[PDB]
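Data block below; observations after.
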Amino acid sequence: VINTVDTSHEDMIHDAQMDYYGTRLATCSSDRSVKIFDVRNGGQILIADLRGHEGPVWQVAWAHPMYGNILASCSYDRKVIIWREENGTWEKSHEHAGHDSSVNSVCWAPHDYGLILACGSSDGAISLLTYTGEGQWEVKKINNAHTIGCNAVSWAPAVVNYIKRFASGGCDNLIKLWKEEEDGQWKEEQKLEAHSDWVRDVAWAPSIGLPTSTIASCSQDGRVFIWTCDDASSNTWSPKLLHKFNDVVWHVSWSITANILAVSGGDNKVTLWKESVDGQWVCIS
Amino acid sequence: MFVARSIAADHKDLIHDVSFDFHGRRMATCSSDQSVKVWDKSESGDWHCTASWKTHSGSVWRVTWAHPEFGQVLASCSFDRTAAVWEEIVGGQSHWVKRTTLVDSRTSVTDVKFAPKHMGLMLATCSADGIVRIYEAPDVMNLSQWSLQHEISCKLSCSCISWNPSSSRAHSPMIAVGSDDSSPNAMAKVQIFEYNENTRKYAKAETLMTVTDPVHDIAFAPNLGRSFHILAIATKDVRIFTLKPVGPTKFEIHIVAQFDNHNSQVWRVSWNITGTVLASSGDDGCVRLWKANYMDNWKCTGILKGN
Amino acid sequence: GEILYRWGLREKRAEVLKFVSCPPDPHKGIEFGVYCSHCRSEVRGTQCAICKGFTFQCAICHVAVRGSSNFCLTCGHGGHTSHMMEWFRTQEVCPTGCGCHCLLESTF
Ligand SMILES: [Zn+2]
Ligand SMILES: [Zn+2]
Ligand SMILES: [Zn+2]
């Protein structure tokens with residue numbers, strides 16, 4: 001069934017992500033506060049509340065438990081507020097000031113190659129920061145990548161070194177894939193441009209072992225294209241629009257084993273657009 | 001105050017030798033069929049056989065258990081000029097495998113026993129030729145390889161010898177060699193062999209001239225005391241002697257007890273860690289138990305028949 | 001396996017990843033050696049290399065311990081796993097008699 005949780009915040013909630021097992025349904029709003037609420041056994045308890053930002057908070061993303069119970073908060077104040085829970089209490093642990101504009105989104109690396117909370121700087125670049133242990137986190141930034149600023153950073157899944165990879169997008173009406181080189185400095189490898197308007201969210205689909213990679217890109221024009229590459233060396237993303245959103249497509253999230261692409265737009269509605277046998281995608285909501 | 005009981009034990013006929021374990025739940029028997037069997041006492045107390053396997057072509061002379069500090073190990077001595085070291089391994093039924101053996105002796109081995117725990121996992125064997133060789137394998141984790149640490153000749157027919165319980169490094173080690181020669185001339189049926197730490201050798205500390213009668217077995221109890229210990233001789237007349245330590249350190253040997261209630265040649269002797277009981281089994285076929293009293297006087301305490 | 005782990009069946013993921021082929025990829029980090037029981041040498045393994053004997057003796061049974069073993073990092077004593085579970089189910093002090101309250105000195 002469905003369990004309803006009251007946000008009880010002075011401002012509208014604008015983000016949400018649950019725990020890996022799922023017990024800790026976090027909420028973030030523009031009230032300069034992101035909190036933690038436990039949801040076990042169909043409950044709603046304000047287990048812990050945090051308040052350490054300056055203005056709105058747009059995103060909240062989690063960590064793999066193998067590196068501990070760690071959150072990640074993005075705020076308009078051009079800062080990242082990492083919160084940990086130690087000894088049953090929540091407390092701030094880190095901060096950054098490496099961005100000249102409001103941080104758009106922050107998403108975590110896949111755990112198989114360490115901890116990296118990559119975030120974008122909404123002027124021309126991003127900020128990749130990998131904790132080096134003993135409270136040492138180092139920020140390595142891009143150099144004038146996006147035209148007006150990246151919007152969402154999507155993390156490529158692991159492959160059989162490690163060949164780090166991720167994708168990003170912004171209001172440049174294009175989506176670009178960014179590949180980290182062996183020397184350690186990221187070098188661009190491809191560029192895709194099909195969105196008639198600003199691109200809001202880019203999502204990378206998780207992998208199960210098949211020889212394919214899929215990306216779902218939202219945009220201000222309302223196009224939800226499932227960019228696919230049937231070969232591991234072709235690098236030829238073949239787009240295929242799935243729907244015509246009336247307003248700007250806001251979010252895009254994929255399923256546990258890459259089945260359903262969740263989308264929410266300006267209609268205050270959620271469409272569970274799942275593909276079909278004939279290659280089309282039809283909403284089953 | 002003697003109580004005798006009978007338990008449900010499945011066996012064909014008389015066996016060669018038997019042993020037990022400090023845990024109280026493990027026991028072993030070697031039958032005349034040149035096969036090695038193990039019977040384990042259950043939690044309810046019932047003794048359950050766990051293994052049965054042949055040992056060697058020669059008849060199994062004697063069986064000696066090992067110290068729990070070194071692992072589940074059993075020692076076998078064969079009348080075929082060979083000694084067998086077999087270790088039980090369970091993959092869960094057990095499977096006993098002779099991970100090592102010792103056949104350096106040209107003639108049949110009379111007996112072999114485990115040495116003191118304070119000298120490492122070392123053991124010795126004495127054959128009928130009067131030669132006893134002590135082999136000490138440094139590899140506690142690997143029982144396959146054995147190194148012949150020492151060899152000693154008693155110059156008399158050796159049948160049953162027991163290493164002295166002097167284990168602590170605060171003193172020196174000693175070993176008591178027995179004999180069963182039927183020489184018409186009288187001689188020392190026993191001798192005291194103590195290892196010299198400085199000389200790295202064992203020398204005849206003293207030859208027990210007090211024993212000339214045929215001796216079947218030698219038993220010296222564990223000390224666990226203060227001053228010294230005593231030993232026993234299994235012969236026609238059982239006698240107990242106390243050593244009073246003064247090269248090898250001189251000791252004053254004097255009779256502490258003398259019992260002949262069996263009126264036969266004593267074959268096997270009982271064991272008593274407490275030290276207040278000195279019991280032995282004579283050839284009369286009736287179990288003889290004797291113990292010290294409040295007057296520090298050894299006297300017969302219990303008696304039972306073999307049946 | 002990484003779906004089962006999220007579900008909450010840590011045993012089941014172990015059974016599934018039993019059948020992977022490519023090594024276990026051993027971890028490199030801090031290792032726990034043992035002072036030997038006879039010659040007091042630091043030996044990294046089940047048996048010493050000088051006296052070739054057992055290096056760890058049980059503080060409860062006073063027998064060689066080879067399988068599962070628990071220890072505290074404070075008082076430097078350990079023993080058999082079941083034996084320490086039995087001993088610490090009731091007591092709050094070191095059956096090695098050193099006075100180290102391991103229940104609070106090793107629960108980190
Ligand atoms: Zn050692
Ligand atoms: Zn133990
Ligand atoms: Zn301790």
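Rounded to the nearest 500 deg cm²/dmol, what is the calculated helix-only ellipticity per residue at 222 nm for the protein assembly as shown, with -39500 (n - 2.57) per DSSP H run of length n ≥ 4?
Rounded to the nearest 500, it is -1000 deg cm²/dmol.
How many nm separate the modelled label positions at B:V18 and A:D197, each set 7 Å beyond the Cα in the direction of the Cβ?
For the pair B:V18/A:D197, the computed spacing is 9.7 nm.
Where the eigenvalues come from the Cα gyration tensor of segment B:134-198, what are the semi-axes √(5λ) of the equivalent ellipsoid, largest first, in whole Å?
27, 16, 9
For the pair C:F88/B:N297, report the inter-label distance in nm, with labels modelled 7 Å from Cα in the Cβ direction.
A separation of 5.9 nm, rounded to one decimal place.
Using the per-residue mean of other Cβ atoms lying within 10 Å as a proxy for protection, in what order, highest first, do the peptides B:16-23, A:29-36 fall?
A:29-36, B:16-23
For segment B:131-231, state which GluC sites (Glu not before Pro) are in a DSSP loop and have at most 12 other beta carbons lying within 10 Å of their beta carbon.
Loop-located and lightly packed - B:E197.
Using r as the Cβ-Cβ distance of C:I50 and A:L210, and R0 as 51 Å, what FRET efficiency do you calculate, to the nearest 0.05?
For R0 = 51 Å, the calculated efficiency reads 0.35.
Looking only at segment A:1-39, which residues have a backbone nitrogen under 17 Å from a spot 7 Å from the Cα of C:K12 in the C-beta direction?
From segment A:1-39, the list is A:20-22.
Work out the length of the dipole vector of segment B:127-252 about its Cα centre, built from +1 on the beta-carbon of each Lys and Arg and -1 on the beta-carbon of each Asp and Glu, and round it to the nearest 20 debye.
It comes to approximately 360 debye.
Just subtract the alpha-carbon distance of A:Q44 and A:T23 from 0.36 nm times their residue separation and send over the number in nm, one decimal.
6.6 nm
Name the residue, out of C:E11, C:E31, C:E92, whose mean-square fluctuation peaks in a Gaussian network model built on chain C with Cα pairs under 10 Å.
Evaluated over chain C, the most mobile residue of the options is C:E11.
Can you compute the equivalent ellipsoid semi-axes for segment B:166-307, i.e. the square root of 5 times each eigenvalue of the Cα gyration tensor, sorted largest first and rounded to whole Å?
27, 19, 12
Could you work out the pair-distance distribution P(r) of chain C from its alpha-carbon pairs, with 10 angstrom bin width and percents rounded to whole numbers?
12, 31, 29, 23, 5
Can you tell me the dipole magnitude for chain C around its Cα centre, using point charges on the Cβ only (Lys, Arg +1; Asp, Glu -1), in Debye to the nearest 20?
Using Cβ point charges on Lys, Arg, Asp and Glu, chain C gives about 280 debye.
Could you work out the mean count of beta carbons from other protein chains within 10 Å of each residue's beta carbon in B:140-149?
Whole-number average of other-chain Cβ neighbours for B:140-149 is 2.
Spelling out what I want: for every residue of segment B:122-136, take phi, set θ = phi - 60°, compute 6.51 cos²θ - 1.76 cosθ + 1.60 (Karplus), and round to whole Hz; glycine and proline get x.
Going residue by residue, I get 10, 9, 9, 9, 10, 9, 6, 7, x, 9, 10, 10, 9, 10, 10 Hz, with x marking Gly and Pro.
What residues from segment C:32-72 fall in the zone where the backbone N is under 20 Å from a label point 7 Å along the Cα-to-C-beta line of C:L104?
Residues C:71-72 qualify, since their backbone N sits under 20 Å from the label point.
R0 = 41 Å: FRET efficiency of B:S144 with B:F228, Cβ-based, nearest 0.05?
Result of the calculation: an efficiency of 0.60.
How compact is the protein assembly as shown by the rule of thumb for globular proteins, expressed as Cα Rg over 2.2 N^0.38 Å?
Computed over Cα atoms of the protein assembly as shown, the ratio equals 1.53.
Which of the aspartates and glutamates could a cross-linker bridge to A:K240, judged by Cα under 17 Å and excluding same-chain residues fewer than eight apart?
Hits, sequence-local ones excluded: A:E193, A:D197, A:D201, A:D221, A:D230, A:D231, A:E275, A:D278.
So if we plug the beta-carbon distance of B:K155 and B:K236 into 1/(1 + (r/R0)^6) with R0 = 30 Å, what FRET efficiency do we get, rounded to 0.05?
0.85
Taking neighbour Cβ counts within 10 Å as the exposure measure, how do C:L4, A:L177, A:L50 sort from fewest upward?
C:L4, A:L50, A:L177
Across the Cα atoms of segment A:169-208, what radius of gyration and what greatest pairwise Cα-Cα distance (Dmax) are found, in Å?
12.3, 35
So what does the Cα-only Debye profile of chain A read at q = 0.08, 0.09, 0.11 Å⁻¹, as log10 I(q)/I(0), no solvent term?
These q points yield log10 I(q)/I(0) values of -0.33, -0.42, -0.65.
Could I get the Rg over Rh figure for segment B:207-269? Both from C-alpha atoms, Rh via Kirkwood, rounded to two places.
0.99
Over 26 Å between C-alpha atoms is what I'm after, so list which of B:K204/B:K244; B:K201/C:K52; A:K35/A:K176 land there.
A:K35/A:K176
Could you quote the convex hull projected area for segment C:53-108, Cα atoms only and averaged over all directions, in nm²?
So the mean shadow area of the Cα hull is 3.8 nm².
Would you list, by chain and number, the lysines whose Cα falls below 16 Å from the Cα of B:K236, excluding same-chain residues fewer than 8 positions away?
B:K189
Taking each pair of distinct Cα atoms in segment A:230-285 once, what is the resulting Kirkwood hydrodynamic radius in Å?
Averaging 1/r across every pair of different Cα atoms and inverting gives 12.7 Å.
Going 7 Å from the Cα of C:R66 toward and past its Cβ, which residues in segment B:57-78 have a backbone nitrogen under 16 Å from where you end up?
So the set is B:66-74.
What average number of partner chain Cβ atoms lie no more than 10 Å from the Cβ of the residues making up C:42-54?
Taking the mean over all residues of the peptide, I get 3.
Could you list B:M174, B:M209 in order of exposure, starting from the residue whose Cβ has the fewest other Cβ atoms within 10 Å?
Lowest count first: B:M209, B:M174.
Please provide three numbers in whole Å: the alpha-carbon extents of segment A:164-285 along the principal axes, with the largest listed first.
For segment A:164-285, the Cα extents along the three principal axes come out at 46, 32, 21 Å.
Can you compute the modelled spin-label distance between B:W267 and C:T74, with each label point 7 Å from Cα toward Cβ, in nm?
Reported label-point gap for B:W267 and C:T74 is 6.1 nm.
How many Cβ atoms of partner chains, on average, are near each residue of C:5-16 if near means within 10 Å of its Cβ?
Average neighbour count from other chains, rounded to a whole number: 1.
Every read-out reported here was derived from the displayed coordinates using simple, explicitly stated rules and does not represent laboratory data. Note that each Cβ is placed from the backbone with ideal geometry, even for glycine, and that neighbours are counted across all protein chains shown.
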